[PDB]
Amino acid sequence: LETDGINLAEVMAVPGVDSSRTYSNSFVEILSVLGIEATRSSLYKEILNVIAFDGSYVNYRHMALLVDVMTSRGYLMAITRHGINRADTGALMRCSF
Amino acid sequence: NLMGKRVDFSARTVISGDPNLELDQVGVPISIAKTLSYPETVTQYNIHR
Amino acid sequence: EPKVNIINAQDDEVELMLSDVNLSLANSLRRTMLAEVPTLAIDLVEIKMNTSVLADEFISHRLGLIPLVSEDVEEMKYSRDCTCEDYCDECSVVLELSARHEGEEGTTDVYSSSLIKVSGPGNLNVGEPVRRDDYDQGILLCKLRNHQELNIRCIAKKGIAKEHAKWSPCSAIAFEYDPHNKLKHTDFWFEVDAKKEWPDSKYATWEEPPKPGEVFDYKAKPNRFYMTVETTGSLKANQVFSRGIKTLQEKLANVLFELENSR
Amino acid sequence: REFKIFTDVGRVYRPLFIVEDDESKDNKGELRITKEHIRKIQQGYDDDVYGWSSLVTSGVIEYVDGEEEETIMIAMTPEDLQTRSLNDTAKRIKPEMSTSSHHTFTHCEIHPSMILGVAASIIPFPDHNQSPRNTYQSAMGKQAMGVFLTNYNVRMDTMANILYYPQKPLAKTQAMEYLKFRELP
Amino acid sequence: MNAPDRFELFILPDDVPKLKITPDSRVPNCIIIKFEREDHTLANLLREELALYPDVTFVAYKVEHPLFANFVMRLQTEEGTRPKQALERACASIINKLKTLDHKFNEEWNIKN
Amino acid sequence: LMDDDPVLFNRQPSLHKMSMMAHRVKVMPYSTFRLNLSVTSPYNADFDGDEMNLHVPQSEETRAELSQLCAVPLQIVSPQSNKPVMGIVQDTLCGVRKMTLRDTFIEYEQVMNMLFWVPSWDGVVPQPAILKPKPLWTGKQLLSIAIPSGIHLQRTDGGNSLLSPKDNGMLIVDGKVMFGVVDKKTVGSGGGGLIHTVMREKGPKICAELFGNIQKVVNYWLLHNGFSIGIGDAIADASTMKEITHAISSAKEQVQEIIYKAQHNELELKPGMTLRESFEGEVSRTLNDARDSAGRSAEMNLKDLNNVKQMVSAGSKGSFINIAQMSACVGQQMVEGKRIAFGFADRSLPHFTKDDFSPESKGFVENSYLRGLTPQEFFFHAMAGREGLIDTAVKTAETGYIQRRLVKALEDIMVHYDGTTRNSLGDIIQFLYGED
Amino acid sequence: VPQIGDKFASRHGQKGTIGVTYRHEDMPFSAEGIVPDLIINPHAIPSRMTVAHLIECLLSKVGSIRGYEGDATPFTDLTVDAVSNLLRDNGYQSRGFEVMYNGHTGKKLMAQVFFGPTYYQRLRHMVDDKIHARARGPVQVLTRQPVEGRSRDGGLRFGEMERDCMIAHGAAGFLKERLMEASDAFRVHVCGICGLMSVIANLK
Amino acid sequence: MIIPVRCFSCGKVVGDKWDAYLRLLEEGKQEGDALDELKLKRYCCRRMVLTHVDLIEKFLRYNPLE
Amino acid sequence: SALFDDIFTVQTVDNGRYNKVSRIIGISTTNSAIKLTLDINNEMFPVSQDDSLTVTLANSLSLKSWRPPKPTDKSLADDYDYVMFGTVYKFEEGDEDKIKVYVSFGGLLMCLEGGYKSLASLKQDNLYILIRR
Amino acid sequence: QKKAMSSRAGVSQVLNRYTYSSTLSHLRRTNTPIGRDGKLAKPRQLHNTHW
RNA sequence: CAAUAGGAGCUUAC
Ligand SMILES: [Mg+2]
Ligand SMILES: [Zn+2]
Ligand SMILES: [Zn+2]
Ligand SMILES: [Zn+2]
């Protein structure tokens, strides 16, 4: 099955569904439902899909690093000023960005 | 001025292709080769040159 | 063993078949006649008064491109091997051009025949701009209106076509061999049949076409070369050919000299 | 159910031939311009100055802006006004146009190459190129050394470039007769 | 502004030799000759002349860069023969062939009148 | 500035670490910069106006840093996709394809010149493949001379036997080619090819010299062979023209049938897709397959002496779509993912009738570039090319912004001596780099 | 005068710069002795699909042989086949190929060469208007950094992406040297107690 | 501007033929026949004379300023 | 002084793919099941169907830097019409008595089947092939 | 003059006299003052009504 | 032994 829209928790419960394999393309939902490691897995899957769509191949470690930086704090850290500049790093780095 | 800045000892001109150059070789115009410079400390192995 | 068969021979062009020589020899001769046969051409221009619409370096380029009679240029010296300072009489030819339009209607054309030889290493027959006939007007140089004037002192010197094209005695050296592709040195592009789609060489009737029963020969080298030398009037065709041969001979003699005197 | 007449300033417009469309005469369906009009244009006068404006005022060419263009059916060439009865593997297939039983044309292009501008008009055979290359030439042809004016010697500008020996092109477009590219190559 | 002079193709400096010979030690009885201020005209002539001798085992030339007017030639010969003597022999042979060619052209041109 | 000085050489934009590399200097006249042609790929450069910057290191520490970290030989393999980024390109590829064909033979004098042209030749003349009645070398021998010894490569292309009837696949034993045309699949920038093998076995210096050896040999052979392209290389014979036009007419009939089915309400919709979107998707499928089939016909018609076919087969420029558009059919133009929209009221151009959904009305170009486009096809193709130019002009800003943000997010992340991957705060991002 | 690095184009988007120049005797020639002014690479036609370039070369050849100007107006009934028929009627290979010889050796080329006249343009971008080098020169008053401009003898910007590439390379010393010793390096005195640059220094 | 002395491609002298070419054009002869009689046989030489545009006539019309 | 002498009857010749190169198939006239596939230069040694070729494989031509042969010296190749040099790149000691040898003559390929007792001595580094008629 | 901001720029330009066709094109040029502040690619597109 | 700044406009290569 494929669907439009997202309700992961209720569909995982419906009898007849493989509750151990339901997946969502919205990793914020994954984080709210399945935790942070499953969020990392989903994030890697999405990034691999976006890159390998056209037959491009990026080595694993680069996308692994990108998803590990985005999930290191326990929650999703966006690649924006609202994400990068809310860290505890020095003031000069944050101002330089 | 801090993340990026203008620098001395640089050059710019149109590039051309040369089948007879090695892979790690670049052909430098004579005028640029004379305008740019490298500071070489004088030692007892390079004093004649 | 080398042989020459002249097919057409006039003053400006000679068409000849060369045979029993290597292709390298024939191509070296073509290259020598195109590039290394000395001639005479204006290499220094002095403007006194130029009030024409054309620019000074425009006129200088055109004057440098004017063919001059160079029959005796080989008895002359290169201006870099003479002890003299600013041009003397033996390594240069000095020309004058004076032109002027008087009146307020019409245009006065300045032609290459108006160039006048003043000095030069007499009695050598060098320097004069080449005229096709007795009634030739020569090359167009400039045009003049009311009160416009041109006063120029040109110097002519000896040089070769390697340094600059204005010293080239030749225009086009047509050159070909093996009209029937017996040696299979080319491989004809075609759509349906390579024999119908390709025009015959102008020397096709000079050689027997291959027989259908014939097999390919792997011993045959190129042996007959059909070439047509043309000149610009500065030198004659036989003169261009003979001096190209002589220039090649002296280049080889120079190599031999350096080899022997390197021992 | 609207009728809009515009006399505004600043509207862009272009001329077209007028195909006779009144469905009452044998002259229906073909161009109103004939060989007398071309004879008059070459002559330079009517047989009791005859130029473009006389064609416009005689009702054989009219101007249309983009809005009016919505309502018209423009034939691409004067031959498209009649269906032909060919099989030429070299000449390009003029489109079939089979869906429509009977065409009622109202206008014809004077010449299809006129859709191009000044810079694109220099290009020879622009219909054999992919469009980005035509765009690059339209940009690059403006940077080409020539003779901008014949009085460049009595003018004093910051910079000027004049080609020594300009040559007209061996392959030329009809538009360049009007662009003076053969007079100032 | 960076263009060298068009006469450095042919004018030999005083500090630059016309010809310089070094030996190729990898194979026996071989030499490397650099001709300064020459081009394909002399190189191809000499190469195709030398390539037809029985005692010449290797002969080749190249112009490493078109913007520099020289070529380098590798020539190997058999045990008894020296590549230098074969080089003089080839030069002399081409000179003689050109002299015969010139004589025949002049006689033919006179006959054509 | 003198010969062999290391200088940093750079072209903007500098999208990756191999856009700015250190080169050795060779002084030359004629005020342009000179580049070997295999390094133009990492710079994304060509020679139609480009300019590049040169930075001179002013100390010995920076000279050593440039020569031991940024040098061109050290960047041949990239970490982006663990494959080489420098390959054989753009004429050496076509020439090596022509040279390593099975029926390419070379006489002794040209062989001698090619051997002397190889900078790393050891002075040993290889035995000719044929000894009688006339010594002949094959192009594979002369190319194998370029390859260093101790290299073994083996590739299978569509299950070829060891006798290779098509001369496909690849076998290299001790640096000698046994069979297989040498093309993009062997000397390109793909992974597992010859360049990657030589890089991994011999080091960066020998792999760098391989580029020069192959370039010089192939360039000499192509100089004395020649390679051209003309108007005749885009022309297919009459029977192929009949086949192509028949295929296009059949596809036009198929589209007309789809239109009839849609208009009398009998078309079968698809999930998550509207009836109009289903109609458009089916028509687009049909026309794309029409163009592909006409292109296949044109490609089969091309002889082995066709120059476009040689360039495509070498993989040095062009592809099957280029052949198709030049000789058979330009095909369908797309603006914003759809066919040509009804910019006028219910039509694409004012030369069409209302509500005409035929392929010609909505942006199908039936002609080829050789045959010439009609004014309508010309305008539609102009719209499509304009869309492409706008896309290229407009997406680059979003891409540059994205890459700047990624760099700022990841700029402070380094692998430490204990194996961990930490940021400037010392926080762990990965306990082991790459997990391996 | 044109030289290496000057930019030229034909009227079909085929721009390029001069890579090298060859003399009359070095260039390939046809059997009639005609040599080209210009040799472009075949690899610019296929992926760019500039068929009009080849068609215009063919038409120009025919026009120059028959002594008129070819009409290349778009959307006319002219075809390549008619042009090839004219060219063949003039005694030339109908597709514009010619048997040419190698200038270096005079040997025939194994392949035939597409040959003929084409209208080229001299673009305003000359290398001599672009070549710039700077060792040391004027600096800005405010920032004391190299000025901006080729005409002003300025320096080149070592922007942020160049810094990213140097960081990827791990060349820390080179980056410090670009940003300090090749640019506005300065010396200031700080207070060991307050850490402000409020130190009054009299070095003499 | 004014007729070039030489042919660019090969170097034949064409600068002495512009007036003859114009005279040939006055009596009605078409361009190819005129180029044939002047013995311009290679299409490089032919396009040298056939494509020349004589701009010096236009430049000469502005009064000399001396 | 030869490794494998034999006479073959040419079965098929596919000129086909190339212009100077043709692939031939031939079974021995005296010992069938010995198959020979061979690429040959057409212009140097043209071959037609049903022709009979004396094919020799040798490890030398005597009775490392190639030099042109003189007229005065002699070698094994003097008695043949078509001589090629190649590299053995696969020796298939395979099924019961199917033995396949692969030789590459500068990209012109050869395969030779037959019983082990015929091709046992064909396990070398480089092989010459010589042909008559 | 004192309201240079909020006024249209580039309405007048230095006539391009590099070559004749460049002058002829500059005299026939058009400019939509949409501005580059905004990535709407729609007004940059060649449109059917442009014919 | 010392060659302003700020703006706007048109362009070059991606
Ligand atoms: Mg570029
Ligand atoms: Zn003197
Ligand atoms: Zn303090
Ligand atoms: Zn000419």
# chains A, B, ... in the order shown; residues from 1 in each chain; ligands from 1

$ residues_near_ligand --ligand "ligand 3" --cutoff "10 Å" --atoms "only C-alpha atoms (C1' of nucleotides) and all ligand atoms" --output "JSON, numbers by chain"
{"G": [190, 191, 192, 193, 194, 195, 196, 197, 198, 199]}

$ write_last_selection --atoms "C-alpha atoms" --output "PDB file, in the first residue's frame"
ATOM      1  CA  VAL G 190      46.304  44.400  23.629  1.00  0.00           C
ATOM      2  CA  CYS G 191      46.109  44.919  27.382  1.00  0.00           C
ATOM      3  CA  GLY G 192      46.937  41.758  29.310  1.00  0.00           C
ATOM      4  CA  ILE G 193      44.365  42.759  31.951  1.00  0.00           C
ATOM      5  CA  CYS G 194      41.397  44.229  30.067  1.00  0.00           C
ATOM      6  CA  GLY G 195      42.022  42.590  26.677  1.00  0.00           C
ATOM      7  CA  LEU G 196      41.087  45.747  24.766  1.00  0.00           C
ATOM      8  CA  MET G 197      43.102  47.345  21.982  1.00  0.00           C
ATOM      9  CA  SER G 198      43.388  50.509  24.090  1.00  0.00           C
ATOM     10  CA  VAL G 199      47.165  50.214  24.471  1.00  0.00           C
TER      11      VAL G 199
END

$ select_by_dssp --residues "chain J" --states "helix (DSSP H, G or I)" --output "MDAnalysis selection string"
chainID J and resid 20:26 48:50

$ residues_around --residues "stretch 2-8 of chain K" --least-positions-apart "2" --cutoff "10 Å" --atoms "only C-alpha atoms (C1' of nucleotides)" --output "ChimeraX atom specification"
/G:138,140-141,152 /J:9-10

$ write_last_selection --atoms "C-alpha atoms" --output "CSV table (one decimal), in the first residue's frame"
chain,number,residue,atom,x,y,z
G,138,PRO,CA,47.7,50.1,-4.0
G,140,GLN,CA,42.1,50.7,0.0
G,141,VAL,CA,42.1,53.5,2.4
G,152,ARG,CA,43.3,50.0,-10.9
J,9,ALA,CA,16.5,53.1,-13.0
J,10,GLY,CA,18.0,52.3,-16.4

$ atom_distance --atom1 "atom CA of residue A:64" --atom2 "atom CA of residue F:65"
29.2 Å

$ interface_residues --of "chain G" --to "chain E" --cutoff "10 Å" --atoms "only C-alpha atoms" --output "number ranges by chain"
G: 3-4, 20-22, 25-26, 103-106, 128

$ write_last_selection --atoms "C-alpha atoms" --output "mmCIF file, in the first residue's frame"
data_model
loop_
_atom_site.group_PDB
_atom_site.id
_atom_site.type_symbol
_atom_site.label_atom_id
_atom_site.label_comp_id
_atom_site.auth_asym_id
_atom_site.auth_seq_id
_atom_site.Cartn_x
_atom_site.Cartn_y
_atom_site.Cartn_z
ATOM 1 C CA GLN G 3 46.522 36.194 -31.614
ATOM 2 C CA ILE G 4 46.203 33.225 -29.268
ATOM 3 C CA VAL G 20 47.361 27.996 -31.801
ATOM 4 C CA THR G 21 48.328 29.449 -35.175
ATOM 5 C CA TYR G 22 49.954 27.601 -38.054
ATOM 6 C CA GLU G 25 52.911 25.340 -45.184
ATOM 7 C CA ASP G 26 51.855 23.689 -41.905
ATOM 8 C CA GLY G 103 50.759 19.587 -44.163
ATOM 9 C CA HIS G 104 53.590 17.971 -42.218
ATOM 10 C CA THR G 105 54.023 14.917 -44.449
ATOM 11 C CA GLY G 106 52.020 15.472 -47.645
ATOM 12 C CA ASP G 128 45.172 41.454 -23.910
#

$ residues_around --residues "residue D:183" --least-positions-apart "5" --cutoff "12 Å" --atoms "only C-alpha atoms (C1' of nucleotides)" --output "ChimeraX atom specification"
/D:146-150,166-169,176-178 /H:1,51-58 /J:20-21

$ residues_around --residues "residue J:51" --least-positions-apart "5" --cutoff "9 Å" --atoms "only C-alpha atoms (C1' of nucleotides)" --output "ChimeraX atom specification"
/D:66,115 /F:349-350,379

$ residues_around --residues "residue H:60" --least-positions-apart "2" --cutoff "12 Å" --atoms "only C-alpha atoms (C1' of nucleotides)" --output "number ranges by chain"
C: 51-54, 105-109, 142-146, 148; D: 150-154; H: 1-2, 54-58, 62-65

$ write_last_selection --atoms "N, CA and C atoms" --output "PDB file, in the first residue's frame"
ATOM      1  N   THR C  51      47.320  62.826 -45.291  1.00  0.00           N
ATOM      2  CA  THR C  51      46.030  63.421 -44.984  1.00  0.00           C
ATOM      3  C   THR C  51      44.886  62.692 -45.678  1.00  0.00           C
ATOM      4  N   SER C  52      45.126  61.471 -46.145  1.00  0.00           N
ATOM      5  CA  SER C  52      44.061  60.664 -46.717  1.00  0.00           C
ATOM      6  C   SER C  52      43.164  60.104 -45.615  1.00  0.00           C
ATOM      7  N   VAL C  53      41.995  59.602 -46.031  1.00  0.00           N
ATOM      8  CA  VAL C  53      41.062  59.000 -45.086  1.00  0.00           C
ATOM      9  C   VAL C  53      41.604  57.715 -44.469  1.00  0.00           C
ATOM     10  N   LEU C  54      42.498  57.011 -45.156  1.00  0.00           N
ATOM     11  CA  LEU C  54      43.021  55.762 -44.621  1.00  0.00           C
ATOM     12  C   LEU C  54      44.052  56.025 -43.533  1.00  0.00           C
ATOM     13  N   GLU C 105      36.805  68.252 -57.822  1.00  0.00           N
ATOM     14  CA  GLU C 105      35.957  67.165 -58.282  1.00  0.00           C
ATOM     15  C   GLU C 105      36.838  65.984 -58.656  1.00  0.00           C
ATOM     16  N   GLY C 106      36.249  64.797 -58.618  1.00  0.00           N
ATOM     17  CA  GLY C 106      36.959  63.586 -58.967  1.00  0.00           C
ATOM     18  C   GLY C 106      37.806  63.053 -57.826  1.00  0.00           C
ATOM     19  N   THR C 107      38.229  61.804 -57.990  1.00  0.00           N
ATOM     20  CA  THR C 107      39.068  61.112 -57.025  1.00  0.00           C
ATOM     21  C   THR C 107      40.333  60.634 -57.720  1.00  0.00           C
ATOM     22  N   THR C 108      41.484  60.869 -57.101  1.00  0.00           N
ATOM     23  CA  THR C 108      42.759  60.428 -57.652  1.00  0.00           C
ATOM     24  C   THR C 108      43.158  59.131 -56.969  1.00  0.00           C
ATOM     25  N   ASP C 109      43.324  58.077 -57.761  1.00  0.00           N
ATOM     26  CA  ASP C 109      43.722  56.779 -57.240  1.00  0.00           C
ATOM     27  C   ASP C 109      45.238  56.689 -57.183  1.00  0.00           C
ATOM     28  N   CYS C 142      45.624  53.715 -52.357  1.00  0.00           N
ATOM     29  CA  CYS C 142      44.776  54.653 -51.639  1.00  0.00           C
ATOM     30  C   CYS C 142      43.963  55.439 -52.657  1.00  0.00           C
ATOM     31  N   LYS C 143      43.105  56.314 -52.152  1.00  0.00           N
ATOM     32  CA  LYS C 143      42.341  57.236 -52.978  1.00  0.00           C
ATOM     33  C   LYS C 143      42.426  58.609 -52.334  1.00  0.00           C
ATOM     34  N   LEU C 144      42.440  59.644 -53.162  1.00  0.00           N
ATOM     35  CA  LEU C 144      42.674  60.997 -52.682  1.00  0.00           C
ATOM     36  C   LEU C 144      41.624  61.960 -53.210  1.00  0.00           C
ATOM     37  N   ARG C 145      41.180  62.869 -52.344  1.00  0.00           N
ATOM     38  CA  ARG C 145      40.303  63.957 -52.735  1.00  0.00           C
ATOM     39  C   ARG C 145      41.069  65.281 -52.668  1.00  0.00           C
ATOM     40  N   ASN C 146      40.338  66.379 -52.851  1.00  0.00           N
ATOM     41  CA  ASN C 146      40.875  67.735 -52.824  1.00  0.00           C
ATOM     42  C   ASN C 146      41.863  67.965 -51.690  1.00  0.00           C
ATOM     43  N   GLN C 148      44.174  66.491 -50.403  1.00  0.00           N
ATOM     44  CA  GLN C 148      44.711  65.383 -49.628  1.00  0.00           C
ATOM     45  C   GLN C 148      45.994  64.886 -50.273  1.00  0.00           C
TER      46      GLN C 148
ATOM     47  N   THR D 150      30.148  55.372 -40.878  1.00  0.00           N
ATOM     48  CA  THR D 150      31.108  55.791 -41.890  1.00  0.00           C
ATOM     49  C   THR D 150      31.833  57.080 -41.532  1.00  0.00           C
ATOM     50  N   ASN D 151      31.352  57.828 -40.541  1.00  0.00           N
ATOM     51  CA  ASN D 151      32.017  59.040 -40.089  1.00  0.00           C
ATOM     52  C   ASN D 151      32.791  58.822 -38.796  1.00  0.00           C
ATOM     53  N   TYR D 152      33.331  57.621 -38.601  1.00  0.00           N
ATOM     54  CA  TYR D 152      34.056  57.315 -37.382  1.00  0.00           C
ATOM     55  C   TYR D 152      35.317  58.147 -37.242  1.00  0.00           C
ATOM     56  N   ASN D 153      35.743  58.824 -38.304  1.00  0.00           N
ATOM     57  CA  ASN D 153      36.985  59.581 -38.285  1.00  0.00           C
ATOM     58  C   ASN D 153      36.792  61.023 -37.850  1.00  0.00           C
ATOM     59  N   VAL D 154      35.558  61.524 -37.859  1.00  0.00           N
ATOM     60  CA  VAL D 154      35.247  62.854 -37.357  1.00  0.00           C
ATOM     61  C   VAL D 154      34.487  62.795 -36.041  1.00  0.00           C
TER      62      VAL D 154
ATOM     63  N   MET H   1      36.856  47.821 -46.825  1.00  0.00           N
ATOM     64  CA  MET H   1      37.281  49.209 -46.936  1.00  0.00           C
ATOM     65  C   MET H   1      37.809  49.478 -48.338  1.00  0.00           C
ATOM     66  N   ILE H   2      39.012  48.984 -48.609  1.00  0.00           N
ATOM     67  CA  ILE H   2      39.615  49.009 -49.932  1.00  0.00           C
ATOM     68  C   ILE H   2      40.105  47.603 -50.242  1.00  0.00           C
ATOM     69  N   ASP H  54      33.271  48.177 -50.792  1.00  0.00           N
ATOM     70  CA  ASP H  54      34.192  49.292 -50.992  1.00  0.00           C
ATOM     71  C   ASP H  54      33.675  50.475 -50.185  1.00  0.00           C
ATOM     72  N   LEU H  55      34.192  50.625 -48.969  1.00  0.00           N
ATOM     73  CA  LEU H  55      33.744  51.655 -48.042  1.00  0.00           C
ATOM     74  C   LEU H  55      34.547  52.939 -48.158  1.00  0.00           C
ATOM     75  N   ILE H  56      35.686  52.895 -48.850  1.00  0.00           N
ATOM     76  CA  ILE H  56      36.510  54.083 -49.005  1.00  0.00           C
ATOM     77  C   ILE H  56      35.757  55.155 -49.770  1.00  0.00           C
ATOM     78  N   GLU H  57      34.849  54.759 -50.660  1.00  0.00           N
ATOM     79  CA  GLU H  57      34.014  55.744 -51.336  1.00  0.00           C
ATOM     80  C   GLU H  57      33.184  56.527 -50.330  1.00  0.00           C
ATOM     81  N   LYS H  58      32.659  55.842 -49.317  1.00  0.00           N
ATOM     82  CA  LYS H  58      31.871  56.522 -48.298  1.00  0.00           C
ATOM     83  C   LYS H  58      32.752  57.349 -47.371  1.00  0.00           C
ATOM     84  N   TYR H  62      33.595  62.876 -46.675  1.00  0.00           N
ATOM     85  CA  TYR H  62      33.665  63.904 -45.649  1.00  0.00           C
ATOM     86  C   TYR H  62      34.875  64.791 -45.900  1.00  0.00           C
ATOM     87  N   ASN H  63      34.630  66.097 -45.973  1.00  0.00           N
ATOM     88  CA  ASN H  63      35.634  67.027 -46.460  1.00  0.00           C
ATOM     89  C   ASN H  63      36.933  66.860 -45.674  1.00  0.00           C
ATOM     90  N   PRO H  64      38.081  66.855 -46.343  1.00  0.00           N
ATOM     91  CA  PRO H  64      39.361  66.898 -45.634  1.00  0.00           C
ATOM     92  C   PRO H  64      39.456  68.086 -44.691  1.00  0.00           C
ATOM     93  N   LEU H  65      39.921  67.827 -43.476  1.00  0.00           N
ATOM     94  CA  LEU H  65      39.904  68.813 -42.410  1.00  0.00           C
ATOM     95  C   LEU H  65      41.187  69.630 -42.405  1.00  0.00           C
TER      96      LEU H  65
END

$ closest_residue --among "D:118, D:163, D:110, D:90" --to "chain J" --atoms "only C-alpha atoms"
D:118

$ residues_near_ligand --ligand "ligand 1" --cutoff "7 Å" --atoms "only C-alpha atoms (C1' of nucleotides) and all ligand atoms" --output "list in words"
residues 45, 46, 47, 48, 49 and 50 of chain F; 13 and 14 of chain K

$ write_last_selection --atoms "N, CA and C atoms (P, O5', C5', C4', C3', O3' and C1' of nucleotides)" --output "PDB file, in the first residue's frame"
ATOM      1  N   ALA F  45      35.648  23.370 -17.031  1.00  0.00           N
ATOM      2  CA  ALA F  45      36.086  24.442 -17.909  1.00  0.00           C
ATOM      3  C   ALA F  45      36.083  23.996 -19.365  1.00  0.00           C
ATOM      4  N   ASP F  46      35.994  24.979 -20.255  1.00  0.00           N
ATOM      5  CA  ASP F  46      36.279  24.796 -21.667  1.00  0.00           C
ATOM      6  C   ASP F  46      36.978  26.056 -22.149  1.00  0.00           C
ATOM      7  N   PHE F  47      37.247  26.120 -23.440  1.00  0.00           N
ATOM      8  CA  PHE F  47      38.132  27.130 -23.995  1.00  0.00           C
ATOM      9  C   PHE F  47      37.384  28.072 -24.925  1.00  0.00           C
ATOM     10  N   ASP F  48      36.214  28.532 -24.504  1.00  0.00           N
ATOM     11  CA  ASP F  48      35.409  29.453 -25.295  1.00  0.00           C
ATOM     12  C   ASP F  48      35.178  30.776 -24.576  1.00  0.00           C
ATOM     13  N   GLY F  49      36.179  31.250 -23.840  1.00  0.00           N
ATOM     14  CA  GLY F  49      36.047  32.523 -23.162  1.00  0.00           C
ATOM     15  C   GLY F  49      36.460  32.484 -21.710  1.00  0.00           C
ATOM     16  N   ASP F  50      36.578  31.279 -21.166  1.00  0.00           N
ATOM     17  CA  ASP F  50      36.809  31.118 -19.740  1.00  0.00           C
ATOM     18  C   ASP F  50      38.122  31.737 -19.306  1.00  0.00           C
TER      19      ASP F  50
ATOM     20  P     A K  13      30.140  34.217 -22.421  1.00  0.00           P
ATOM     21  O5'   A K  13      30.704  33.093 -21.453  1.00  0.00           O
ATOM     22  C5'   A K  13      32.093  32.822 -21.383  1.00  0.00           C
ATOM     23  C4'   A K  13      32.446  32.085 -20.119  1.00  0.00           C
ATOM     24  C3'   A K  13      31.444  31.048 -19.645  1.00  0.00           C
ATOM     25  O3'   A K  13      31.519  29.824 -20.349  1.00  0.00           O
ATOM     26  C1'   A K  13      32.116  32.378 -17.821  1.00  0.00           C
ATOM     27  P     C K  14      30.188  28.961 -20.604  1.00  0.00           P
ATOM     28  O5'   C K  14      29.496  28.897 -19.172  1.00  0.00           O
ATOM     29  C5'   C K  14      29.095  27.644 -18.632  1.00  0.00           C
ATOM     30  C4'   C K  14      29.583  27.469 -17.214  1.00  0.00           C
ATOM     31  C3'   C K  14      28.593  26.873 -16.227  1.00  0.00           C
ATOM     32  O3'   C K  14      28.533  25.459 -16.292  1.00  0.00           O
ATOM     33  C1'   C K  14      29.579  28.794 -15.274  1.00  0.00           C
TER      34        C K  14
END
